[PDB]
Structures are given as structure tokens and as C-alpha cells.
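Undergrad: Take a look at the following structure, please.
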Ligand SMILES: CCCCCCCC/C=C/CCCCCCCC(=O)OC[C@H](COP(=O)(O)OCC[N+](C)(C)C)OC(=O)CCCCCCC/C=C/CCCCCCCC
Ligand SMILES: Nc1ncnc2c1ncn2[C@@H]1O[C@H](COP(=O)(O)OP(=O)(O)CP(=O)(O)O)[C@@H](O)[C@H]1O
Ligand SMILES: CC(C)CCC[C@@H](C)[C@H]1CC[C@H]2[C@@H]3CC=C4C[C@@H](O)CC[C@]4(C)[C@H]3CC[C@]12C
Ligand SMILES: *[C@@H]1O[C@H](CO)[C@@H](O)[C@H](O)[C@H]1NC(C)=O
Ligand code: NA
Ligand code: NA
């Protein structure tokens, strides 16, 4: 529709713009017409594909085109063979099973994005939602479906806004944001006079006019306009596309080389055509989508168990590539359970017991300075104890207020007596709730003293801004102006009380004169009325905010794994730095430019900035820079603490960080952080203490409201890529040991080492279950010692992985199979050098007296049976050479002695499946000779074992020098 | 680069020369358990097959007597095999041994080792194959409507046939003769096969047992099999006739999947 919302206009012209009325709304004859013009206003998900195109797309896609080409080649081969008047029907079974494979992969794909969707559907947050309200002047119950432009709606707190309206009448309504009747901000999201559909309404009565419906709404836009939104490819989809391209290129190159060899060397078209289908059925990983959709579900369950409630799929795929984290201080990095331990008044430092005090304060309670401070602390506090539970100690009692308020309540109740009576005596008319923007909690009290001052104003807030608005200090019950000896004393006290990593609060009070202010007065929030400056500052409250226990380990693991951590707290650049140094964000042996200037005993500007690695920059500091300066600050300096920063400036921080080819993961818990929680690659909503707007705008939700969850989400986001490189390598290993036999059969003329159905049985039986068994593997020891993966530079299947799968382990699985093949043939009469150039005579149905190396004469069916036994021996050899090819693929840098052979018990299921399938195929399907299988003697199972105790030794000694000699051309070259 | 390619082309020389040295170093280890005299196992060749010499292609003998070229290959292929049984190629006495003209017990020439070295074969004479030896008729019967096939039992090393202890031959001599009987495969072929005349050694229709056991191309080169020649002296003209020949014994086995194990099937057609 349009990109602009009509909100600047006043009520008189807001009535004209869309034809509405402020009070009476519109009559039925006009409201019905407007509703028909606009339509219904509801949020539904029902749009979905007609699903016929979806079945068609899942029918052929990626690997399916190659396999369909192979099936067509197989049918062509059968018809060509039938031209020669011979029909062994082996191609019919191969083609039927090959098509059945695609049918089953389509069935498994329909199973996919359904169980994953069911897992996906569970990761979602509700808000109390209802669409019933009484509105439109006359008190009538009108459904939300009848709300349209021209109709006024009166709303009440405790539900969601029935429609996207522009508020015209309201009385101090609040949403999660103040609501008023006056235009405040140009942006409709923060204009403070527009209601948002499906957004909670806290309290108060508000009246507004609908301005958008359906597609016209900001949230909806093209919701009802169909089209495709959200179909962006996940990173694993890109990796799978690259893998498909690599596989197709390799297969095409091999086929072209063989065809150009066969065209001139007199190989008839049937051999070439059957070699192409062999190549197609061999070099195509069939059971890959199953082990791909298993891994993501398993990792989602793992993180959900690790308090990491990842909602989207792009989030779980992209989490392991995190490079920059912009976390908060209170909440994520601290226990958020403050304890009062230090006191400051009369320019002195007074200590107190953090917990289990069980006694009164050490200092005297009759001091004139302490009496007023304690009285104001008790009065200024808003925290209240948990009702109905006045038997548990003070600590166990719960408050729905701020944690700092709980701290002052805990101090006051254990130091002073009853506070309810004092608050009742100091009757309160109006009170300004504490907010992050104002950073003070203003209150209005009526004086009950004999001197009828009748006006008492008490507030608390940040000590720096408190004293910046104060011009006097109080000592020994006597007021005195704030001289330099008091300002410097306050600065020194703040530095000392922030050095240990504790936040402090200021306190003030004032009584208005009776002559200037009469007994009867009216208080307005907007109007200044009572003065709010030059109050009576009393003292400071020091409260300890200890970081959570697991946080330092997480910050050290981030340093080890090369993940940058940034703090975006809004506190003083001294306390933020002092707590960052404690949690490890600003590591030891690191010095900001101010501290290195102090050490050099010279001014800051006389110090080269490169001599400093840390940065504690205030909010105004980055408010004053152009984006280039912010980019160079984020580039040149390692550890950055964005202290004293606005919550909105998280936008600037995140958008500056993202311009460095890095993946950012910001953590916000407020509706102010939601625009920054959306721009971030992985927006994170604080778990226990968080707002639903953040939990809706975040790509990932915590459940432990703690750091070290954001890092244990990365540690299992990396496990996806670690276990996929182990699943795409074991599969590719046995791919050249299935087409080398046919190459030698064509060239050297040996009888067929392995059939075409056999190399498909290998893929179906010993390539699926062991492939899934490698997706359950645990993490390595170097998973948190590796730099974050680059989305463009790094690939799931690099050149080294494919070269090691094909040219290293695939060539050792063929030499072991050929040994068993030659053993089977040589023990029945045909010596190894007697088999060269024998295929022409071997496959002639008319030669029933072929002479072996001992002079005996073999009929055709006995040669056929010996060939079947030789192929069964090759199949068994590559079932046992892929048991030591699944043990050595559980690691890429470690050994089995450290990982443990019995720690992952699905590897044993995969091994037992291989053994059971190989025993069924040779003794159950070989008792009646069918599908080129025959019973195998007991020796022909253990012949390939010595070649399987070689693949393991070679890989163990390959990884041993990787571990011993990092970055020594061995880690550089021989490391997949 | 230009200098680090020599370090990657040198690892793959040593690694692929070590894989080859391990593959060859295990094939020669397996071959140490393989004797040069007798096969390790006789599992596929143990029950000997039975085949005809003309090496006819599709189990079909079709020719026309008045066309010297329809049976030209049939007659010319018997000559190639019977050349080694020529009486002029058996004159040497350092190799050939003259057994009797009557069947006797299997002739044991020793043990499967290097004692006595080369072993002496027993000579077979063509003129036992009357009307089919080619000593009188240059074409082996194909000039007229009398096809003549020559039956031979596939050589199995160390195998001694045991004749049975069908119809009795009426010239039994089963202690030293393995019976062979050719009959029509179907009733409409038994009615049309006509008269079948066998030509074996000493007038006995079978393989004499004195040519067994075979000793295997190293102890016994120049080894001559016993042959049985079968002539169909009177069969239906211009018809495809199916004929099945079987060797009877207790060593001899028959299989439903191997059509040439102890048996063979040949379709004889004579056109006019
Ligand atoms: C990319 C593909 C990877 C997988 C490839 C696997 C190999 C596939 C090749 C097949 C071709 C045929 C291989 C033949 C092997 C012969 C083994 C050998 O050594 O027999 C030596 C022979 C004599 O044996 P015999 O029959 O008398 O023994 C009978 C037993 N007894 C001793 C009691 C008499 O000597 C002679 O005949 C000398 C005259 C003939 C010489 C032929 C030489 C052929 C050698 C080929 C080795 C190639 C190795 C490739 C490695 C690639 C690694 C990447
Ligand atoms: N109810 C209340 N009334 C007055 N001041 C309060 C208050 N609750 C907290 N404060 C002030 O807030 C400060 C505590 O900081 P806080 O932990 O809220 O920072 P923060 O976590 O909101 C920054 P961010 O959200 O970016 O992580 C104290 O110095 C205190 O003076
Ligand atoms: C089969 C035998 C003859 C192969 C001989 C050529 C071999 C040694 C050559 C051909 C292609 C080469 C590879 C081509 C590309 C890559 C990727 C690069 O980042 C490192 C080198 C590496 C990994 C090369 C290693 C050596 C290599 C495998
Ligand atoms: C076939 O042999 C018989 C004697 O058994 C003989 O009378 C006849 O002439 C022979 N025929 C030919 C074509 O040699
Ligand atoms: Na494979
Ligand atoms: Na495989």
C-alpha cells in the first residue's frame, strides 16, 4: 500500500483524512461500507503451498535428477540388451529398486519439515490475547471483526489492542511506552498515540480510530498479498547445493573420461552405458537428507536441554558461526541479586554485612546523619514483601519490584523497624515510576509536621546525575553548599565504591515553603509546578552485584574460541570497566588509553592510541562519531565496553559491528532493544527476566537468564558442522571402491570383481545406519579452540575432505577387496595372472569347457557361480573395511583412546547393522542364488581384516602428527 | 606454488608406492598357500560336466547335406580337436603309455608331489570311433543325414568316476565303464530320434575308467581324454529334434540350474 502513516495531523483533519469522528464514530450505513472497502482485521497463518508443486519439487531435486538420468540409462541398457536377443532381467530389478529409492526419499522428505516443523512449532511464545471489547461511544459489545476506519474503540488494560488504531483519547496508558492524545514522535512505532495490533495493553482506558486494516497495517504489509517471504536458503542448504555441484562435476568428469577412452579403444556402447549407471548409483549419497534432518533435531533438543531455546532454524545453523557478542551487564553477566554492603555519608566509608547478618548495624543508630538517611531510605523505597508468607526470613520474601529495591528493603527491614506506618504518615499523592530514560523515581508527599510545609519530594537515582542536579551536601544535620571539598570527596567515594564492582544510588529530599505553595495544590506530571532542583542530598547506598559463577569460564572460552565479547551496559565507565575486568571481558595485562596515560604520568592526548588494546567509551562518545569512527574503533581495539550508552544506541553498535564481515549476537530484554534484536544475526531475548516483544523479535531465547548459555549454544552449533564433515566423509569413502572394479574389468579384462546390484546394496545397507550413527557423536577437545567459521571462505565439503575420502581411504578399500577377490578365484583354480583378458571367454555361454590353471574344465554356470562368490567376497570386504572407516571417522584431530570407543553407543548399532545385513545377504539370500549372492566360506570374511587394521593405523598416525606438529605443513596439507 | 608442489607430488609417490607394496606383499603371501599341483578346493568343478566336441553355438545342430557349407564349420571343428588324437601324434613312447584294448581299473600314477616328475599318459586310438574317427570318411557323417557328435567328460583333477552298481546296457562291464546314454528329450522327440549308434572303446558305450584320475597339466601334459562318439544314423528329415545325453554314476551329479553338469542338450536338425 503506502509507506507512510497519517499521524502528524490533528483531530480535526484526522477526521477528514479517512472520514471519521472522534466521539460518535460513524453510523451503520457508512461503517458497513468502509468495512466492506477494507475488510477483516485478523492474524492467521493459513497461507501454504498448493502442495502439488511441493510434491513435484521434492520428487526431483538435487540428487534426484542424476538418479533419474541413471534410471533412464538403465532402461536404455535393458532395451539394447534385449536387442541382442538376451534378457537376464538383472536390469529390471536394478531399475525398479532405483526408482523405489527416489520414491522412498520423497516419502522421507515428506516426513522431513513435518517432524522438524513440529519441533519448530513448539518454539514459540504467546501473549494473553482476546478480541472482545466494549466500545464505540454507546456501551455495546462489538467484535474485533467489525473494527474498521471511521470507528472509535475504547480499550481497557489487561489484553491486546483489537486493531491498529491511532489514539485520540487516553489517560496515561502504557504499552510494552507511554500513550497520550498528543503527537509525540514521527515514527509510528514510538509515536505514543498509535495502538498496535496483537500488542499488550497494561492499564488505563484509551480511545482511538482505526487507521489500517489487513494489508494496510504496518505489521501485515504483504501478509494477505501471498508471495514468498522467508524462503531464504539456510546455510546447510547452500552447503548441500555446493556438495551436489561437486558430486555432479566429479561424476561427469569420470564419465566423460571413460567415454572418450572407450570410443576409440573399441568398447561397445553397452559397457559404457552400464559404467555410467554404475558411476551414478555409486557417487550419489542417498541417505543424506535423513542424517541432515536428524542432526538439526538432535542439536535443537540438546540446546533446549542446555537452556538454549532456539526458535528458528536459520538461528541454530548460524549460531555456531558467531564472532561478536554484545551482552548486557545486569542479568546476563550478573546474578541480579544485589546485596548492600557499604555505606557512605559524612565523607566516610561504612561497611555492612552482605548476608546472614542476624544483628544490628555496627555503627551507632542515634547519629543525626544516619537518622535522616535511614528515614529517607525507608520512605523512598517502593518494594513490598510477599503477602501471606511472613514466616520465612527477609531474604526469602519476594518483591515484584526492582532488585535494587529489594536490596534497600532488605537493608531497611533488618536495620529499622516498621516502614508501612512511616509511609502512611507521609501521605503520597503522586509518584513518578522509575524508568531508564529518566533514571529517577520522583515522589510527592504531604507533610504532616506541625510546620505546614505540606509538600515533601523524595527521589533516588544515579549518583552522578543526582549530584549534577544538586548544589549542596549534608553533614552532621547542618546544610552547607556543595564546595570543591565536597565534589572531589564525592568523586573519590564513587571511584572507591566502584572499584570493587558495585553500583550506588543517591537520595534527596525537600520541603516546599508554605508561603509560596498554599495548602491546596494540584500536581501535574507534565507541568513543573514544584521545583526539582537544589534538593537535600544525604548519602550513598553501595550494593554488590556479583557476577554469575559460570560467567568467567564462558568469557575465557570466548577468548579461546576467538569470539569477541562487548558490553553495552548503561553505567559509569568506571564501574563497567571494574566489573568487566572481574568477569574477564577486559583481560589482565590490558590497558585502556587513560590508564596507560596515568602510568606514563602524562596527558591522554600525549599518548599513542595504539599502545592501548581496551576501550571504555561512554554513550555520548560514540554519539559524537560518524560511522567511520565507530568502524575504526571496532576494528583497531580488541575489548570494548560501551558504558553509559542509551538502550537505543544498540542499533548503532550492532549495525557498526555487522559491517566487519562478522556475525553478531546481541542480547536484549526490552522493547527498546527489539529493533536491535532484529538487525542482529542472532537476536537473543533474556529468558526469565524479559519482555514478550523481545522474545518475539529474538531468534533465540534463553531459559537460565545467564551467560555461558550463549556460549554452550555456540559449542553445539559448531557440533552440527563437526558431525556433518564426519557424515559426508564416511559416505564418500566407499565411492571409488565401487567403480574401480568396473574400470579394471573394462581395461584388464578380469571377470567382474563386483556387480551393479552389489554396489547398490552397499549404499543401502552399510551406508545409511552408520551414517546416522555419526550424527550422535560428542564434541571434540578442540571445538572451543577453533576460530569462528566464515560463511563464504569456509565450506562444509572442502577439497581436502574429498581428496582424503577418494584418494586416500577409498583406494585402500579397493586393494583390500581385490585381495579377497583374488583369494576366492585362486583357491578354486584360477591364478591371478590367469584372469587377465579372460572376460570375453568367461562370459561366453557356449564355452562349457573353459580350462583353468590346473587343466580342469569349467562349465558356464560354475564360472557364473564363482563370479557371484567373488562379488560377494568384495561386498563383504567392503563391509569390514567400513567398520574401521566408521571408527576413524568419529574424530578429525583426536584418537579413539581419548574419545572412547564405547562412549557413543550408536556406533555399535551401526556396526551390528552392517554385520547383520552382510550375514543375511550371503547366507539368507545366497542359499538360493539370487541377486548375485552366494554362501561364503568362513575364511573369506577375515581376509580383509588385515587391510582394515591398516586404515585405522594410517589415520591414527595421520592425526598424531597433526596433534604433535600444528601448522607444520601437515596440519596445512593432510587435515580434512 | 613452484616449490611446494614437489612436497605434495612426493608424498603421493611414497604413499601409492607403499599401497602397491602392501597389495603385492599380500598377494604373494596368499599365493604361498596355493599349491602348483592340485587346487585347494574342488567345489564348483567337483561333479564333472559333460559336453560335445563340435562346439555348436546355441545348442542347435542345423545343416543341409547337399550344401557343403552348411556343415563346413561343424566338420572343420571336429578335425581341430581330433588332430591331437591322430595316431601320428601319439608315436612318442617317452610320454605315451599303451594300455589294453579292454576297460580296466583306474590307473594310479603316484601321488600329487614332485616324485617321478612328468607322468605317462594313456594313449587313445581314433579307430575305436568307427564311422566317426575320420580315418575313412573325411566328413564325420554330415555329408549324409547322419550327424556324429563326440562326447567328452570335463576334466577334473584327481577325480575317479564310480559307475553305478535306466535300462541295463546289456553289455554291462560297469566295474570299468561309465555308462553314457543319449535319448530324445521329449516323447515327440523319442518317437522321431530314430536309431542312435555309439562308438566307444572296445565296443562299450561309455568312458573307460583306466584314463582316471587326471593329474593336472603339469604332471600330465599331453593328456588324452576318453571319447564316446554318437551317430544318429536315421532321424526325421527337416525337423528340430532335442536330444539329452547323460552319464550315470554315483560320483556324477545332476543340477536343475546347470544344464551341462553330468548332461547336455543338443538340438539336431537335418534339412533337405
Ligand atoms: C586404481 C585401482 C586400484 C586397485 C587396483 C588393484 C589391482 C588390480 C589389477 C589387476 C590386474 C591383474 C593383477 C594381477 C596380480 C598378479 C599378482 C602377482 O604378483 O603375480 C606374479 C606373477 C606370477 O603369479 P602366478 O599366477 O604364477 O601365481 C600362481 C601361484 N603360484 C605361485 C603357486 C604359481 O608373475 C607373472 O606372471 C609375471 C608376468 C605378468 C606380470 C603382470 C604384472 C601385473 C601387476 C600388477 C600390479 C599392479 C599394482 C597396482 C597398485 C595400485 C596402487 C594405487
Ligand atoms: N526503582 C528505582 N528507582 C530509582 N532508581 C533505580 C531503580 N531501580 C534501579 N535504579 C537505578 O538503576 C541503577 C542500576 O542499573 P541497572 O542494573 O538497571 O542497569 P541496566 O541493566 O538497566 C543497563 P542495560 O539494560 O543496558 O543492561 C542503579 O544505579 C539505580 O540508581
Ligand atoms: C592419483 C595420483 C596420480 C594423483 C597425483 C596428483 C595429486 C598429487 C594432486 C592433483 C590435485 C592436487 C590437489 C589440488 C588442489 C588442492 C587444494 C589446495 O588447497 C591444496 C592442494 C590440493 C589439496 C592438491 C593436492 C595434490 C593433488 C591431489
Ligand atoms: C558305419 O558302420 C557300419 C558298421 O558298423 C558300416 O557297415 C557302414 O558302412 C558305416 N558307414 C559309414 C558311412 O562309414
Ligand atoms: Na557412497
Ligand atoms: Na560408503
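Quick note: the coordinates plus some simple rules give every number you see, no bench work behind them. We place every Cβ from the backbone using ideal geometry, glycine too, and count neighbours over all the protein chains shown.
Undergrad: Across segment A:818-839, what is the number of residues that are more than 8 Å from chain B (Cβ to nearest Cβ) and farther than 18 Å from residue B:28 by Cβ? Explain how you work it out, then say what you get.
TA: Keep residues of segment A:818-839 that are more than 8 Å from chain B (Cβ to nearest Cβ), which gives A:820-821, A:824-825, A:830, A:833-839.
Filter again for farther than 18 Å from residue B:28 by Cβ, leaving A:837-839.
The number of residues fulfilling the criteria is 3.
Undergrad: Same structure again: Of the residues in segment A:222-249, how many are over 20 Å from the mean Cα position of the chain (by Cα) and in a helix (DSSP H, G or I)?
TA: So the first thing to find is which residues in segment A:222-249 are over 20 Å from the mean Cα position of the chain (by Cα), and the list is A:222-229, A:240-249.
Okay, now just the ones that are also in a helix (DSSP H, G or I), so A:240-249.
Residues flagged as over 20 Å from the mean Cα position of the chain (by Cα) and in a helix (DSSP H, G or I) within segment A:222-249 amount to 10.
Undergrad: Going by what's in this entry, would residue A:772 be described as part of a helix (DSSP H, G or I), more than 16 Å from ligand 4 (Cβ to nearest atom), over 43 Å from the mean Cα position of the chain (by Cα) and surrounded by fewer than 23 Cβ atoms within 10 Å (Cβ to Cβ)?
TA: On the way: part of a helix (DSSP H, G or I): yes; more than 16 Å from ligand 4 (Cβ to nearest atom): yes; over 43 Å from the mean Cα position of the chain (by Cα): no; surrounded by fewer than 23 Cβ atoms within 10 Å (Cβ to Cβ): yes.
Taking the combined requirement at face value, the residue does not satisfy it.
Undergrad: Please determine whether any residue of segment B:163-171 is closer than 26 Å to residue B:98 by Cα and surrounded by fewer than 19 Cβ atoms within 10 Å (Cβ to Cβ). Give the derivation first.
TA: Pass one, segment B:163-171, residues closer than 26 Å to residue B:98 by Cα: B:163, B:171.
Next, only the ones that are surrounded by fewer than 19 Cβ atoms within 10 Å (Cβ to Cβ) stay: B:171.
So far as segment B:163-171 goes, yes, one or more of its residues are closer than 26 Å to residue B:98 by Cα and surrounded by fewer than 19 Cβ atoms within 10 Å (Cβ to Cβ).
Undergrad: Return the only residue of A:527, A:542 being under 47 Å from the mean Cα position of the chain (by Cα), closer than 18 Å to residue A:431 by Cβ and away from ligand 3 (no atom under 16 Å from the Cβ). Give the steps one after another, and end with the answer.
TA: Values: A:542 fails: closer than 18 Å to residue A:431 by Cβ.
So the residue among A:527, A:542 that is under 47 Å from the mean Cα position of the chain (by Cα), closer than 18 Å to residue A:431 by Cβ and away from ligand 3 (no atom under 16 Å from the Cβ) is A:527.
Undergrad: How about segment A:720-754: which of its residues are away from ligand 5 (no atom under 16 Å from the Cβ) and part of a loop (DSSP other than H, G, I, E, B)? Explain how you work it out, then say what you get.
TA: Of all residues in segment A:720-754, those away from ligand 5 (no atom under 16 Å from the Cβ) come to A:720-723, A:743-753.
Scanning segment A:720-754 gives A:748, A:749, A:750, A:751, A:752, A:753.
Undergrad: Is one or more of the residues making up segment B:127-139 outside any loop (DSSP other than H, G, I, E, B) and either loosely packed, with under 13 Cβ neighbours inside 10 Å or out of contact with any strand residue (DSSP E or B) (no Cβ under 6 Å at 6 or more places or on another chain) (or both)? Please lay out each step first, then the result.
TA: We begin by selecting, within segment B:127-139, every residue outside any loop (DSSP other than H, G, I, E, B); these are B:127-128.
When the remaining residues are screened for being either loosely packed, with under 13 Cβ neighbours inside 10 Å or out of contact with any strand residue (DSSP E or B) (no Cβ under 6 Å at 6 or more places or on another chain) (or both), the result is B:127-128.
Yes, segment B:127-139 contains at least one residue that is outside any loop (DSSP other than H, G, I, E, B) and either loosely packed, with under 13 Cβ neighbours inside 10 Å or out of contact with any strand residue (DSSP E or B) (no Cβ under 6 Å at 6 or more places or on another chain) (or both).
Undergrad: Another question, then. Which residues, counting only those in segment A:861-878, are crowded, with 20+ Cβ neighbours inside 10 Å and facing chain B (nearest Cβ under 7 Å)?
TA: Correct list: A:862, A:866.
Undergrad: With more than 18 Å from residue A:200 (Cα to Cα) and touching a strand residue (DSSP E or B) at 6+ places or on another chain (Cβ under 7 Å) as the only criterion, which of A:164, A:136, A:159 stands out? Full working, then the answer.
TA: On the way: A:164 fails: more than 18 Å from residue A:200 (Cα to Cα); A:159 fails: more than 18 Å from residue A:200 (Cα to Cα).
So the residue among A:164, A:136, A:159 that is more than 18 Å from residue A:200 (Cα to Cα) and touching a strand residue (DSSP E or B) at 6+ places or on another chain (Cβ under 7 Å) is A:136.
Undergrad: With the requirement that a residue be surrounded by fewer than 20 Cβ atoms within 10 Å (Cβ to Cβ) and in contact with a helix residue (DSSP H, G or I) (Cβ under 9 Å, 6 or more places away or on another chain), what does segment A:185-211 give you?
TA: Scanning segment A:185-211 gives A:189, A:199, A:200.
Undergrad: Restricting attention to segment A:344-378, which residues are assigned to a helix (DSSP H, G or I) and either closer than 26 Å to residue A:485 by Cα or more than 45 Å from the chain's Cα centre (by Cα) (or both)?
TA: Keep residues of segment A:344-378 that are assigned to a helix (DSSP H, G or I), which gives A:368-378.
Passing the criteria: A:368, A:369, A:370, A:371, A:372, A:373, A:374, A:375, A:376, A:377.
Undergrad: Turning to a different aspect of this structure: Scan segment A:729-771 residue by residue and report those that are more than 14 Å from ligand 1 (Cβ to nearest atom) and more than 23 Å from residue A:919 (Cβ to Cβ). Please lay out each step first, then the result.
TA: Of segment A:729-771, the ones more than 14 Å from ligand 1 (Cβ to nearest atom) are A:729-733, A:755-771.
Those that are more than 14 Å from ligand 1 (Cβ to nearest atom) and more than 23 Å from residue A:919 (Cβ to Cβ): A:729, A:732.
Undergrad: Among the candidates B:38, B:69, which residue alone is more than 8 Å from every other protein chain (Cβ to nearest Cβ), assigned to a loop (DSSP other than H, G, I, E, B) and under 30 Å from residue B:150 (Cβ atoms)?
TA: On the way: B:38 fails: more than 8 Å from every other protein chain (Cβ to nearest Cβ).
Just a single option satisfies the conditions, and that option is B:69.
Undergrad: Right, here's the next one. Conditions first: (1) within 30 Å of residue B:36 (Cα to Cα); (2) buried (at least 18 other Cβ atoms within 10 Å of the Cβ); (3) more than 14 Å from chain A (Cβ to nearest Cβ). Residue B:160 passes all but one, so which condition is the exception?
TA: Just one mismatch for residue B:160, condition (2).
Undergrad: Being more than 14 Å from chain B (Cβ to nearest Cβ), more than 16 Å from ligand 2 (Cβ to nearest atom), within 30 Å of residue A:96 (Cβ to Cβ) and surrounded by fewer than 22 Cβ atoms within 10 Å (Cβ to Cβ): is that true of residue A:762 here? First the steps, then the outcome.
TA: Values: more than 14 Å from chain B (Cβ to nearest Cβ): yes; more than 16 Å from ligand 2 (Cβ to nearest atom): yes; within 30 Å of residue A:96 (Cβ to Cβ): yes; surrounded by fewer than 22 Cβ atoms within 10 Å (Cβ to Cβ): no.
Against the criterion (more than 14 Å from chain B (Cβ to nearest Cβ), more than 16 Å from ligand 2 (Cβ to nearest atom), within 30 Å of residue A:96 (Cβ to Cβ) and surrounded by fewer than 22 Cβ atoms within 10 Å (Cβ to Cβ)), residue A:762 does not qualify.
Undergrad: If residue B:15 satisfies every condition in (1) surrounded by 12 or more Cβ atoms within 10 Å (Cβ to Cβ); (2) over 24 Å from the mean Cα position of the chain (by Cα); (3) more than 9 Å from every other protein chain (Cβ to nearest Cβ) but one, which is the exception?
TA: (3)
Undergrad: Being within 14 Å of chain A (Cβ to nearest Cβ), in contact with a strand residue (DSSP E or B) (Cβ under 9 Å, 6 or more places away or on another chain) and either farther than 26 Å from residue A:928 by Cα or in a loop (DSSP other than H, G, I, E, B) (or both) narrows it down to one of B:252, B:268, B:243, so name that one.
TA: B:252
Undergrad: Can you tell which of A:727, A:712 is within 12 Å of residue A:299 (Cα to Cα) and away from ligand 4 (no atom under 16 Å from the Cβ)?
TA: On the way: A:727 fails: within 12 Å of residue A:299 (Cα to Cα).
When all the criteria are applied, what remains is A:712.
Each row is one residue, and each column tells you yes or no for (1) closer than 19 Å to residue A:369 by Cα; (2) in contact with a helix residue (DSSP H, G or I) (Cβ under 7 Å, 6 or more places away or on another chain).
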site: A:455; (1), (2): no, no
site: A:462; (1), (2): no, no
site: A:467; (1), (2): yes, yes
site: A:477; (1), (2): yes, yes
site: A:498; (1), (2): no, yes
site: A:510; (1), (2): yes, no
site: A:518; (1), (2): no, no
site: A:527; (1), (2): no, no
site: A:530; (1), (2): no, no
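Undergrad: Additional query: Given the conditions (1) more than 16 Å from ligand 3 (Cβ to nearest atom); (2) assigned to a helix (DSSP H, G or I); (3) under 36 Å from the mean Cα position of the chain (by Cα), which single one is not true for residue A:805?
TA: Against the list (1) more than 16 Å from ligand 3 (Cβ to nearest atom); (2) assigned to a helix (DSSP H, G or I); (3) under 36 Å from the mean Cα position of the chain (by Cα), residue A:805 comes up short only on (1).
Undergrad: Now for a separate question. For residue A:490, are the conditions met, namely being over 21 Å from residue A:543 (Cα atoms) and more than 16 Å from ligand 6 (Cβ to nearest atom)? Reasoning before the result, please.
TA: On the way: over 21 Å from residue A:543 (Cα atoms): no; more than 16 Å from ligand 6 (Cβ to nearest atom): yes.
The answer is no for residue A:490.
Undergrad: Tally the residues that are on the phi > 0 side of the Ramachandran plot and within 12 Å of ligand 3 (Cβ to nearest atom), restricting the search to segment A:808-834.
TA: First pass over segment A:808-834, keeping only residues on the phi > 0 side of the Ramachandran plot: A:829.
Filter once more, keeping what is within 12 Å of ligand 3 (Cβ to nearest atom): none.
Final tally of qualifying residues: 0.
Undergrad: Would you check if residue B:8 is part of a helix (DSSP H, G or I) and either at the interface with another protein chain (Cβ under 7 Å from one of its Cβ atoms) or away from ligand 6 (no atom under 16 Å from the Cβ) (or both)? I'd like the intermediate steps shown before the answer.
TA: Working: part of a helix (DSSP H, G or I): no; either at the interface with another protein chain (Cβ under 7 Å from one of its Cβ atoms) or away from ligand 6 (no atom under 16 Å from the Cβ) (or both): yes.
The answer is no for residue B:8.
Undergrad: Hey, does segment A:19-35 have a residue that's within 30 Å of residue A:142 (Cα to Cα) and within 43 Å of the chain's Cα centre (by Cα)?
TA: Here is the first cut: in segment A:19-35, the ones within 30 Å of residue A:142 (Cα to Cα) are A:19-35.
From what's left, within 43 Å of the chain's Cα centre (by Cα): A:35.
There is at least one residue in segment A:19-35 that is within 30 Å of residue A:142 (Cα to Cα) and within 43 Å of the chain's Cα centre (by Cα).
Undergrad: Just to check your reading of the model, which residue among A:848, A:837 is on the phi > 0 side of the Ramachandran plot and not in a strand (DSSP E or B)? Break it down stepwise before answering.
TA: Numbers: A:848 fails: on the phi > 0 side of the Ramachandran plot.
Only one candidate passes the filter, namely A:837.
Undergrad: Among the listed residues A:588, A:514, A:597, A:580, which satisfies the condition of being outside any strand (DSSP E or B) and crowded, with 22+ Cβ neighbours inside 10 Å?
TA: Numbers: A:588 fails: crowded, with 22+ Cβ neighbours inside 10 Å; A:514 fails: crowded, with 22+ Cβ neighbours inside 10 Å; A:597 fails: crowded, with 22+ Cβ neighbours inside 10 Å.
A:580 is the lone residue from the list that is outside any strand (DSSP E or B) and crowded, with 22+ Cβ neighbours inside 10 Å.
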